[PDB]
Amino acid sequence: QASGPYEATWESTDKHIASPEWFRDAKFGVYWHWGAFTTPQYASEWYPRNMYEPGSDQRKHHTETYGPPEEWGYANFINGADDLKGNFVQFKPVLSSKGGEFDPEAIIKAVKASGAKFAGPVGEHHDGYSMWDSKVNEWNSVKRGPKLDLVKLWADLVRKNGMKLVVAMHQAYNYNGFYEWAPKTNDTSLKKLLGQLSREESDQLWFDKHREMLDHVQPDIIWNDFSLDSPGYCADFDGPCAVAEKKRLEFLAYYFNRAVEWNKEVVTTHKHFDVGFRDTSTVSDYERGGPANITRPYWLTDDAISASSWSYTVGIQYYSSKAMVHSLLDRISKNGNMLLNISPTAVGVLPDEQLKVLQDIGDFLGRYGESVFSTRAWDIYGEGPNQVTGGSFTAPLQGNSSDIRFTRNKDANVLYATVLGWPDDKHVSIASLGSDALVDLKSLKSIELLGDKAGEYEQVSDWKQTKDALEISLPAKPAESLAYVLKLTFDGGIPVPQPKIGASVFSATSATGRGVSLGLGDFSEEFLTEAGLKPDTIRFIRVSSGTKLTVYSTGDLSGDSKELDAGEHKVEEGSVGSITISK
């Protein structure tokens, strides 16, 4: 235990701020799956597991290159050994200052240039190779291979370069089926490496790895992979696909208490499927994708620069700069952040195509940061034909001039509308600010287009509110960019639009003042509160055509519930605790 106000219970841990204000302002971050799992440079980061899979291409590749995995195991990648041709193979990165190709300073410079507000390494993957100076795990990068505390190295470089530190931990699945096809051994060390220790010992080692690392580098974000409490994702291994609840609650309490000692608001994450942690104090992470609508509470997306692996492989191909930038814009439009993974080579070199993606991302963010950083999601994420499918493992967004993504400042009086291309007619239509949206733009003081450099704006040529939409005639195209940003400065806050199929709630006796616009869905009190209007302060609800609303006093839509239909309505102050939109 560590001195703090948190005991290892759910009710104490649930008081932790899941997503602090800095996290909500950071928007974009970068991490790297680099480790002993990159040494083979074949298939995926899951080569450690698949190299023993019966009848796998990995097993065939391993047998044809190094030998049978029953004789030449992954511990040879860690500790060093010859292949069949006679070449020495080990994850032994050499610092470029000592004559090697591992230049961590160049990598951290590229990451800084990308515009990342949080960065850091993968501290430990499923392979059981701790990349810090561990005492609990002798299978680490200090005692073996490069003999260098890479996690401390990356932490020092990330802090020196003015970025928050995230450390990715994927050691829960190490003993929940990752090495299920590896040969049983009696060696207690290799048992530690291959997840063949008693469950109790393995959960204790999970917690101890977390403690060692979080005390060694004091990370701002703890990124946890699956197998915390994720039944159904550990194949057919005789295991619970979970970490002992006691150990998880003890980890949460330790990390939060150590954070109260450091005076730092910290974040820990869980895959949206893993129910090991709750969104009361933890952040739901969507892998290779994100929600299709605005999802509250605040969330995170972890994506990779490649659709195939998170680690480098000969012949790896990468996504485009547009996909990454457009996907970042959609995620931040829907109350979330983006954590992009890059894939350095086994020798510690970042390939030129990854360097170009990072520099294109950095160009866009250095030019339009005002629109992304320190902004919040609006009540309507965007307009356009191009939308993502929804959920994890979905395709990266690639939009065009017909697609708009909305962001707003914290004071809710500036609206950033980003077009995913340049319209050939130099026109932009914002349907949600039309007259049919019951929006009055009298308070609209200025529409600008962001220029070639930050702080350079050009006034819009002309605009007019039609019933169907707000029409905007664009000024001359600025310097080329993957997207173009319009800044609408209002006076007295951004008007509350009325959806065609949905409704709008306001903390006032009329449709005036602060309000939240809501489309089809279920809106908990957490949702409404994060939107900027606590449900116990609502006094007016305006409904669009045939949109039936179900009102609850529960902050979770549970219990006696009254109902309303289309048309205006006045609710007693405190009667609303939840809202369900239907039909």
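Each residue number is its position in the shown sequence, starting from 1.
Looking at 194-202 and 497-505 together, the entry lists the larger mean B-factor for 497-505, computed on C-alpha atoms. For the pair 71-79 and 296-304, the record assigns the higher mean C-alpha temperature factor to 71-79. Highest CA B-factor among the listed residues (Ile404, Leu84, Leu365, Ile332): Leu84. Each of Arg288, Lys445, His126, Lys271 has a CA temperature factor in the record; the biggest one is found at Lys445. When the modelled residues of the chain are ordered by their C-alpha B factor, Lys467 lands in the highest third. Compared with the other modelled residues of the chain, the Cα B-factor recorded for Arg159 ranks in the lowest third. The entry lists a Cα temperature factor for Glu101 that places it in the highest third of the chain's modelled residues. Among all modelled residues in this chain, the alpha-carbon of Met51 has a temperature factor (C-alpha) in the middle third. Among the modelled residues of its chain, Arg542 has a C-alpha B-factor that falls in the highest third, as given in the PDB entry.
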